[PDB]
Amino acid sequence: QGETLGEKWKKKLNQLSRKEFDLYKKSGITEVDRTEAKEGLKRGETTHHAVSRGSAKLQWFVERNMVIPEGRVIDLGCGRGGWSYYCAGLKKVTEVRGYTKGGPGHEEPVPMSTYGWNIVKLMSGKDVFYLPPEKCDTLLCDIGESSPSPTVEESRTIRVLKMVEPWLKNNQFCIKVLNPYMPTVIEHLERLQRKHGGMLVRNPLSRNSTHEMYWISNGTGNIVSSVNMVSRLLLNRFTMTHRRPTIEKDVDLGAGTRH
(Lines of atoms letter the chains of each structure in order from A and count residues from 1; the text may use other names and numbers.)
(Lines give C-alpha, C1' and ligand atoms only; values in the text may rest on other atoms or scores of the structure.)
Protein backbone atom coordinates (compact mmCIF):
# COMPACT_ATOMS: atom_id res chain seq x y z
CA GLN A 1 0.00 0.00 0.00
CA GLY A 2 0.96 3.71 0.23
CA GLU A 3 1.68 4.23 -3.48
CA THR A 4 3.13 7.67 -4.24
CA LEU A 5 1.91 9.94 -7.07
CA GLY A 6 5.22 9.55 -8.92
CA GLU A 7 4.73 5.78 -8.79
CA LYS A 8 1.20 6.26 -10.13
CA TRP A 9 2.66 8.33 -12.99
CA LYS A 10 5.29 5.67 -13.75
CA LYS A 11 2.71 2.90 -14.11
CA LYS A 12 0.59 5.03 -16.47
CA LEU A 13 3.74 6.03 -18.36
CA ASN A 14 4.80 2.39 -18.92
CA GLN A 15 1.33 1.24 -19.99
CA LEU A 16 1.38 3.73 -22.88
CA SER A 17 1.55 2.62 -26.51
CA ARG A 18 4.28 4.03 -28.78
CA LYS A 19 2.05 6.53 -30.63
CA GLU A 20 0.72 7.75 -27.27
CA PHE A 21 4.21 7.87 -25.74
CA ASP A 22 5.67 10.10 -28.48
CA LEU A 23 2.71 12.48 -28.16
CA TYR A 24 2.89 12.63 -24.36
CA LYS A 25 6.65 13.05 -23.89
CA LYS A 26 6.65 16.40 -25.70
CA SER A 27 3.15 17.65 -24.84
CA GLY A 28 3.37 21.20 -23.44
CA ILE A 29 7.12 21.24 -22.76
CA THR A 30 9.63 23.83 -23.95
CA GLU A 31 12.14 22.75 -26.58
CA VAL A 32 15.28 24.21 -28.16
CA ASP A 33 15.56 24.36 -31.97
CA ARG A 34 18.48 22.16 -33.03
CA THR A 35 18.11 21.87 -36.84
CA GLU A 36 20.57 24.75 -37.37
CA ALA A 37 23.20 23.28 -35.02
CA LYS A 38 22.78 19.63 -36.10
CA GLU A 39 23.63 20.45 -39.72
CA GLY A 40 26.68 22.48 -38.68
CA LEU A 41 28.14 19.59 -36.70
CA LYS A 42 27.71 17.15 -39.61
CA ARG A 43 29.42 19.73 -41.83
CA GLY A 44 32.25 19.65 -39.26
CA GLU A 45 32.00 23.17 -37.82
CA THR A 46 33.47 23.71 -34.34
CA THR A 47 32.31 27.27 -33.57
CA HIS A 48 29.02 28.88 -32.42
CA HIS A 49 27.05 25.61 -32.15
CA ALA A 50 26.15 23.95 -28.87
CA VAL A 51 27.20 20.29 -28.84
CA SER A 52 23.87 19.05 -27.40
CA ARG A 53 20.55 20.11 -25.81
CA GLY A 54 22.47 20.14 -22.50
CA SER A 55 23.94 23.63 -22.94
CA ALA A 56 20.47 25.20 -23.15
CA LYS A 57 19.38 23.10 -20.18
CA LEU A 58 22.17 24.36 -17.90
CA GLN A 59 21.67 27.95 -19.09
CA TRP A 60 18.09 27.87 -17.77
CA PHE A 61 19.40 27.40 -14.21
CA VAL A 62 22.22 29.92 -14.69
CA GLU A 63 19.89 32.66 -16.03
CA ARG A 64 17.95 32.28 -12.77
CA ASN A 65 21.06 32.35 -10.54
CA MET A 66 20.28 28.84 -9.25
CA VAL A 67 23.83 27.79 -10.09
CA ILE A 68 26.68 30.30 -10.31
CA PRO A 69 29.63 28.60 -12.08
CA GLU A 70 32.95 29.95 -10.73
CA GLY A 71 36.62 29.07 -11.07
CA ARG A 72 37.22 25.33 -11.24
CA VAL A 73 34.21 23.53 -12.74
CA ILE A 74 34.15 19.74 -12.43
CA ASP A 75 31.53 18.05 -14.60
CA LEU A 76 30.63 14.43 -13.75
CA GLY A 77 29.14 12.51 -16.69
CA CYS A 78 30.01 15.16 -19.27
CA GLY A 79 29.17 13.04 -22.35
CA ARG A 80 29.50 15.00 -25.59
CA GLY A 81 30.38 18.10 -23.50
CA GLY A 82 27.31 20.39 -23.56
CA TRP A 83 27.59 21.59 -19.96
CA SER A 84 31.37 21.93 -20.11
CA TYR A 85 31.52 24.06 -23.27
CA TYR A 86 28.73 26.26 -21.94
CA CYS A 87 30.60 26.99 -18.67
CA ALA A 88 33.77 27.80 -20.64
CA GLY A 89 32.10 30.98 -21.94
CA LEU A 90 31.18 32.33 -18.48
CA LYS A 91 33.33 35.14 -17.01
CA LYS A 92 33.76 33.72 -13.48
CA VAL A 93 34.93 30.28 -14.68
CA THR A 94 38.71 29.70 -14.81
CA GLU A 95 38.95 25.99 -15.78
CA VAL A 96 36.70 23.06 -16.71
CA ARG A 97 37.43 19.35 -16.13
CA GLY A 98 34.86 16.93 -17.56
CA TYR A 99 34.75 13.18 -16.91
CA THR A 100 32.62 10.62 -18.78
CA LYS A 101 32.15 6.84 -19.13
CA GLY A 102 32.44 6.49 -22.90
CA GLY A 103 32.69 3.10 -24.59
CA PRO A 104 30.41 1.53 -27.24
CA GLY A 105 26.80 2.78 -27.20
CA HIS A 106 27.72 5.64 -24.87
CA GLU A 107 28.41 9.26 -25.70
CA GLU A 108 31.98 10.35 -26.44
CA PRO A 109 33.34 13.92 -25.91
CA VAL A 110 33.43 16.16 -28.99
CA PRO A 111 36.36 18.51 -29.72
CA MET A 112 35.05 22.06 -30.14
CA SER A 113 36.50 25.55 -30.50
CA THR A 114 33.66 27.63 -29.04
CA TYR A 115 34.42 30.59 -26.76
CA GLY A 116 36.66 29.33 -23.94
CA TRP A 117 37.53 25.91 -25.39
CA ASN A 118 41.17 26.16 -24.26
CA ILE A 119 40.35 25.98 -20.54
CA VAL A 120 38.42 22.74 -21.16
CA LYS A 121 39.76 19.20 -20.73
CA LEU A 122 37.30 16.35 -21.32
CA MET A 123 38.58 12.86 -20.56
CA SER A 124 36.65 9.72 -21.51
CA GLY A 125 36.80 6.10 -20.29
CA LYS A 126 36.33 7.09 -16.65
CA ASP A 127 33.82 5.50 -14.30
CA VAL A 128 32.93 8.40 -11.98
CA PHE A 129 32.13 6.01 -9.10
CA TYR A 130 35.90 5.35 -8.80
CA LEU A 131 37.21 8.87 -9.39
CA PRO A 132 38.81 10.21 -6.18
CA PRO A 133 37.05 13.50 -5.26
CA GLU A 134 39.02 16.71 -5.83
CA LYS A 135 38.64 20.27 -4.56
CA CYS A 136 36.54 22.33 -6.98
CA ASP A 137 34.53 25.58 -6.97
CA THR A 138 31.51 24.15 -8.80
CA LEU A 139 30.33 20.54 -9.13
CA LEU A 140 28.12 19.54 -12.06
CA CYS A 141 26.57 16.06 -12.37
CA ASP A 142 24.11 14.68 -14.92
CA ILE A 143 24.46 10.93 -14.28
CA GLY A 144 21.49 8.53 -13.89
CA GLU A 145 19.93 6.05 -16.33
CA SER A 146 16.15 5.58 -16.66
CA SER A 147 14.40 2.29 -15.99
CA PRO A 148 10.77 1.21 -16.37
CA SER A 149 11.27 -0.03 -12.79
CA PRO A 150 11.13 2.76 -10.21
CA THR A 151 12.90 0.57 -7.63
CA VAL A 152 15.80 0.03 -10.06
CA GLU A 153 15.81 3.80 -10.64
CA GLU A 154 15.70 4.32 -6.85
CA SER A 155 18.94 2.44 -6.20
CA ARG A 156 20.67 4.09 -9.16
CA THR A 157 19.84 7.57 -7.88
CA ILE A 158 20.88 6.72 -4.31
CA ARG A 159 24.21 5.47 -5.71
CA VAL A 160 24.72 8.87 -7.41
CA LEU A 161 23.85 10.78 -4.21
CA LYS A 162 26.38 8.64 -2.33
CA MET A 163 29.26 9.31 -4.77
CA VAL A 164 28.34 12.98 -5.25
CA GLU A 165 28.35 13.73 -1.49
CA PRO A 166 32.14 13.81 -0.82
CA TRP A 167 32.63 16.27 -3.72
CA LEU A 168 30.56 18.97 -1.99
CA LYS A 169 32.22 21.25 0.56
CA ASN A 170 31.90 25.02 -0.07
CA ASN A 171 30.77 25.08 -3.66
CA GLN A 172 28.08 25.70 -6.23
CA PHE A 173 26.40 22.57 -7.55
CA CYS A 174 23.78 21.27 -9.94
CA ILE A 175 23.11 17.55 -9.64
CA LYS A 176 20.55 15.44 -11.52
CA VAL A 177 18.24 13.44 -9.29
CA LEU A 178 16.86 10.80 -11.67
CA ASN A 179 14.01 9.61 -9.46
CA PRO A 180 13.07 11.92 -6.59
CA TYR A 181 9.60 10.53 -5.76
CA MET A 182 10.67 7.17 -4.28
CA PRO A 183 10.54 7.10 -0.43
CA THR A 184 14.19 6.17 0.19
CA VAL A 185 15.42 8.82 -2.26
CA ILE A 186 13.40 11.43 -0.36
CA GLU A 187 15.07 10.45 2.94
CA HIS A 188 18.55 10.91 1.49
CA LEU A 189 17.67 14.22 -0.16
CA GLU A 190 16.30 15.46 3.16
CA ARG A 191 19.52 14.53 4.99
CA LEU A 192 21.51 16.05 2.12
CA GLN A 193 19.62 19.37 2.07
CA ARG A 194 20.17 19.70 5.82
CA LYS A 195 23.92 19.42 5.31
CA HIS A 196 24.68 21.21 2.00
CA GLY A 197 21.54 23.33 1.47
CA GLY A 198 19.95 24.01 -1.91
CA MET A 199 16.63 23.05 -3.49
CA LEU A 200 15.17 20.60 -6.01
CA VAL A 201 13.96 22.24 -9.24
CA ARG A 202 12.05 21.12 -12.36
CA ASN A 203 13.60 22.11 -15.69
CA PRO A 204 10.97 23.10 -18.34
CA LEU A 205 13.17 21.59 -21.08
CA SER A 206 12.89 18.17 -19.44
CA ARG A 207 10.48 15.85 -21.23
CA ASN A 208 7.26 14.55 -19.66
CA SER A 209 8.70 11.02 -19.92
CA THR A 210 11.19 11.66 -17.10
CA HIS A 211 10.62 12.67 -13.48
CA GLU A 212 14.06 14.34 -13.54
CA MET A 213 14.75 17.09 -11.04
CA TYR A 214 17.95 19.00 -10.31
CA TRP A 215 19.50 19.60 -6.92
CA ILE A 216 20.54 23.24 -7.18
CA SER A 217 22.83 25.04 -4.70
CA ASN A 218 21.19 28.50 -4.58
CA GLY A 219 17.64 28.05 -3.36
CA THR A 220 15.58 26.83 -0.43
CA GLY A 221 12.24 25.14 0.31
CA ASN A 222 10.17 22.00 0.80
CA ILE A 223 11.54 19.23 -1.42
CA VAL A 224 8.71 16.80 -0.64
CA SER A 225 5.97 19.14 -1.91
CA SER A 226 7.96 20.44 -4.90
CA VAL A 227 8.42 16.77 -5.91
CA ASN A 228 4.67 16.11 -5.51
CA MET A 229 3.91 19.18 -7.62
CA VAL A 230 5.96 17.77 -10.48
CA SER A 231 4.00 14.52 -10.10
CA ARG A 232 0.61 16.27 -10.36
CA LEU A 233 1.86 18.40 -13.27
CA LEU A 234 2.97 15.31 -15.23
CA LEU A 235 -0.15 13.30 -14.33
CA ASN A 236 -2.32 16.18 -15.55
CA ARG A 237 -0.52 16.13 -18.91
CA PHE A 238 -2.01 12.68 -19.68
CA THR A 239 -5.64 13.91 -19.78
CA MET A 240 -4.78 17.37 -21.14
CA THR A 241 -5.30 17.60 -24.91
CA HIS A 242 -1.97 17.45 -26.76
CA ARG A 243 -0.07 20.76 -26.97
CA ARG A 244 2.84 21.55 -29.30
CA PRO A 245 6.20 22.14 -27.59
CA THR A 246 7.19 25.79 -27.10
CA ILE A 247 10.13 26.30 -29.46
CA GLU A 248 13.02 28.55 -28.37
CA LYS A 249 16.28 29.43 -30.13
CA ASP A 250 19.45 27.49 -29.25
CA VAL A 251 22.48 28.84 -27.39
CA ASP A 252 25.19 30.68 -29.34
CA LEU A 253 28.48 29.71 -27.67
CA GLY A 254 30.63 31.89 -29.96
CA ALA A 255 34.31 31.40 -30.81
CA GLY A 256 37.86 32.15 -29.63
CA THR A 257 40.15 31.52 -26.66
CA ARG A 258 40.43 32.78 -23.05
CA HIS A 259 43.11 33.66 -20.45
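Residue indices: 1-based, along the sequence shown.
Between the stretches 148-156 and 85-93, it is 85-93 that shows the larger average CA temperature factor. Note on 139-147 vs 165-173: mean CA B-factor is higher in 165-173. Within the selection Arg202, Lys57, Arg207, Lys38, the deposited Cα B-factor values reach their highest point at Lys38. Looking at the C-alpha B-factors along this chain, the one for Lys25 belongs to the middle third. For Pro132, the recorded CA temperature factor ranks within the highest third of the chain's modelled residues. Split the chain's modelled residues into thirds by C-alpha temperature factor. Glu45 is in the highest one. Sort the chain's modelled residues by C-alpha temperature factor and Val227 lands in the lowest third, per the entry. Sort the modelled residues of the chain by CA B factor and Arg34 lands in the highest third.
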